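So the structure is just underneath, and the comments pick up after that.
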Amino acid sequence: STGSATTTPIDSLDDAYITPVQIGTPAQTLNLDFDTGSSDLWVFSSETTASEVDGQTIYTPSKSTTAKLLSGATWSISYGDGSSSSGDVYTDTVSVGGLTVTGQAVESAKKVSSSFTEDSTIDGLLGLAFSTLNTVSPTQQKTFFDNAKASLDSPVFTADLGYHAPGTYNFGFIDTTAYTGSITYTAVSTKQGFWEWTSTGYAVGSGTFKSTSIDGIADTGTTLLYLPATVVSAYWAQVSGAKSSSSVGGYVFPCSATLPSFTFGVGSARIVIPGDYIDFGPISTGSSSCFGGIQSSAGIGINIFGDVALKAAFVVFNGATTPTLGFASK
């Protein structure tokens with residue numbers, strides 16, 4: 001089997017991407033944030049504290065003839081950006097782009113933190129990291145991908161995120177028309193539950209490539225590119241007027257600037273992030289100070305190849321017995 005679904009930016013800055021997902025019988029379609037940095041499939045639901053729902057589409061398990069409450073199971077998750085959610089668990093039928101899993105754990109939110117409430121466009125998350133990170137207790141549950149894997153033509157899914165445009169998540173096959181040149185594969189550590197890999201270095205604009213190992217995770221659920229302070233300093237040094245602002249919470253730059261590109265290494269291959277991808281617009285409405293899309297990972301504790309990086313590539317998440325990551329230009 002295979003599946004193929006279109007993923008769409010939630011706003012004009014590509015702050016996140018939503019992908020339609022069918023849950024239950026008859027189908028209830030929710031727009032979920034596919035997140036290769038976590039492993040819970042959770043949804044706004046009929047059980048969510050009413051004051052914490054503001055425009056989201058909810059899953060109502062009582063209206064699904066295939067929904068079954070998973071007795072005694074609960075979940076609770078906290079994300080790197082400080083957001084959180086919790087609730088109970090059903091199993092139900094879940095389909096993505098034509099690909100169907102029966103008995104998928106669907107984590108129904110009773111509580112969500114303010115940032116989820118405030119984002120009416122995201123109805124929940126669909127985790128695609130490794131199932132070892134799944135928070136369901138007392139019996140940990142598997143991800144959609146994990147459940148689908150054995151049925152797939154090939155045990156892979158791919159992320160093809162667009163810049164200010166729709167893109168695609170494919171399951172079970174590699175669309176050879178979706179990228180240019182070849183796919184370079186690179187080793188993955190699953191030790192922390194992430195799609196963790198080591199970049200071979202970077203360049204800023206037309207500058208020479210610096211060979212240096214940068215360990216980080218491929219994380220579709222993180223907006224920005226978080227890299228070591230040395231790297232980030234070298235990037236923003238090429239932007240006139242750029243500075244790190246503690247009050248704003250990262251590097252800012254004059255909105256009139258033309259940003260240089262940023263290149264990262266995948267083995268001997270190179271992925272080029274155009275400068276425009278690194279512009280996240282005015283820090284506040286009407287400001288001529290703009291927020292940078294490359295930020296320091298110091299005090300995150302891990303480097304994160306988020307959407308800013310991944311949307312410059314066609315990315316293969318290879319779930320073979322020994323997982324690997326593939327990157328191609330496009």
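Within each chain, counting starts at residue 1; across the structure tokens, chains are named A, B, ... in the order shown, with ligands numbered 1 upward in that order.
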**Message:** Env of range 167-171 of chain A: 9 Å cut, atoms = only C-alpha atoms, seq-sep filter 4 positions within chain, self excluded. Answer as a PyMOL selection string.
**Reply:** chain A and resi 1-9+19+34+96-97+99+145+148-149+152-163+175+311
I need the residues of range 226-294 of chain A that end up classed as strand (DSSP E or B) by DSSP on the backbone, written out as a tab-separated table (two decimals) with N, CA and C atoms, in the first residue's frame.
```
chain	number	residue	atom	x	y	z
A	226	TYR	N	17.60	25.53	14.05
A	226	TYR	CA	18.35	25.82	15.27
A	226	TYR	C	19.71	25.14	15.21
A	227	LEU	N	20.77	25.95	15.24
A	227	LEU	CA	22.12	25.43	15.05
A	227	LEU	C	23.07	26.02	16.10
A	243	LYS	N	21.27	41.55	14.67
A	243	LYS	CA	21.75	41.43	16.04
A	243	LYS	C	20.93	40.41	16.81
A	244	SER	N	21.53	39.85	17.86
A	244	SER	CA	20.78	38.98	18.76
A	244	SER	C	20.10	39.84	19.81
A	245	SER	N	18.78	39.69	19.91
A	245	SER	CA	17.97	40.46	20.83
A	245	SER	C	17.40	39.56	21.91
A	250	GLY	N	15.85	36.22	20.05
A	250	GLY	CA	16.71	35.66	19.03
A	250	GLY	C	17.26	36.72	18.11
A	251	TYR	N	17.84	36.27	17.01
A	251	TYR	CA	18.37	37.17	16.01
A	251	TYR	C	17.25	37.85	15.24
A	252	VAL	N	17.41	39.16	15.11
A	252	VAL	CA	16.53	40.01	14.32
A	252	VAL	C	17.38	40.73	13.29
A	253	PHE	N	16.75	41.24	12.25
A	253	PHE	CA	17.49	41.93	11.20
A	253	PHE	C	16.58	42.97	10.55
A	254	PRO	N	17.18	43.99	9.91
A	254	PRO	CA	16.34	45.00	9.26
A	254	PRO	C	15.51	44.41	8.15
A	262	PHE	N	21.83	29.80	2.97
A	262	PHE	CA	22.54	28.97	3.93
A	262	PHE	C	22.58	27.56	3.39
A	263	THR	N	23.78	27.01	3.31
A	263	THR	CA	23.97	25.67	2.80
A	263	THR	C	24.33	24.72	3.93
A	264	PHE	N	23.70	23.55	3.95
A	264	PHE	CA	24.14	22.50	4.87
A	264	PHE	C	24.51	21.22	4.14
A	265	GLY	N	25.44	20.49	4.74
A	265	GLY	CA	25.99	19.31	4.10
A	265	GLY	C	25.26	18.05	4.52
A	266	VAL	N	25.02	17.19	3.54
A	266	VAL	CA	24.54	15.86	3.77
A	266	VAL	C	25.55	14.97	3.09
A	269	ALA	N	27.04	15.82	-0.32
A	269	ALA	CA	26.04	16.62	-1.00
A	269	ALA	C	25.74	17.89	-0.22
A	270	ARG	N	25.04	18.80	-0.87
A	270	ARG	CA	24.77	20.13	-0.31
A	270	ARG	C	23.32	20.50	-0.56
A	271	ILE	N	22.65	20.99	0.48
A	271	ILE	CA	21.30	21.53	0.36
A	271	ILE	C	21.38	23.04	0.57
A	272	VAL	N	20.84	23.81	-0.38
A	272	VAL	CA	20.89	25.26	-0.31
A	272	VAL	C	19.52	25.81	0.12
A	273	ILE	N	19.51	26.49	1.25
A	273	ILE	CA	18.35	27.22	1.75
A	273	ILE	C	18.40	28.65	1.21
A	279	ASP	N	13.53	34.53	6.26
A	279	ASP	CA	12.83	35.74	6.68
A	279	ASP	C	11.50	35.37	7.32
A	280	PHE	N	11.32	35.66	8.61
A	280	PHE	CA	10.04	35.36	9.24
A	280	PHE	C	9.29	36.62	9.63
A	281	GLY	N	9.63	37.69	8.93
A	281	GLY	CA	8.81	38.89	8.94
A	281	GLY	C	8.91	39.73	10.18
A	282	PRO	N	8.12	40.81	10.23
A	282	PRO	CA	8.20	41.76	11.33
A	282	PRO	C	7.99	41.13	12.70
A	289	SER	N	11.77	45.76	12.06
A	289	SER	CA	12.69	44.75	12.55
A	289	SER	C	12.05	43.39	12.27
A	290	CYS	N	12.81	42.50	11.63
A	290	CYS	CA	12.29	41.21	11.20
A	290	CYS	C	12.96	40.08	11.97
A	291	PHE	N	12.23	38.98	12.14
A	291	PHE	CA	12.74	37.85	12.89
A	291	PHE	C	13.45	36.85	11.99
A	292	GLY	N	14.62	36.40	12.44
A	292	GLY	CA	15.41	35.44	11.68
A	292	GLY	C	14.97	34.00	11.74
A	294	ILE	N	17.03	31.40	11.24
A	294	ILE	CA	18.14	30.60	11.76
A	294	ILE	C	18.43	31.15	13.15
```
**Prompt:** Which residues, written as a list in words, have at least one atom at most 7 Å from residue 113 in chain A, with only C-alpha atoms counted and residues fewer than 3 positions away on the same chain left out?
**Reply:** residues 83, 84, 85, 116 and 117 of chain A
**Request:** Write out as number ranges by chain each polymer residue whose atoms come within 9 Å of range 124-133 of chain A, counting only C-alpha atoms; drop sequence neighbours fewer than 5 positions from it.
**Result:** A: 18, 30-44, 56, 58, 109, 116, 140-146, 190, 192-195, 219, 221
**Fill in**
Using only C-alpha atoms, the best pick from A:52, A:123, A:118, A:88 as closest to residue 73 in chain A would be A:88
**Prompt:** For residue 78 in chain A, which residue among A:184, A:120, A:115, A:240 is the nearest when counting only C-alpha atoms?
**Reply:** A:115
**Request:** For residue 239 in chain A, please output as a PyMOL selection string all residues within 8 Å (counting only C-alpha atoms; exclusion window: fewer than 6 positions along the same chain).
**Result:** chain A and resi 253+257-260
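Relative to CA of residue 151 in chain A, CA of residue 64 in chain A is found at 24.1 Å.
Atom to atom, CA of residue 112 in chain A and CA of residue 86 in chain A stand 6.6 Å apart.
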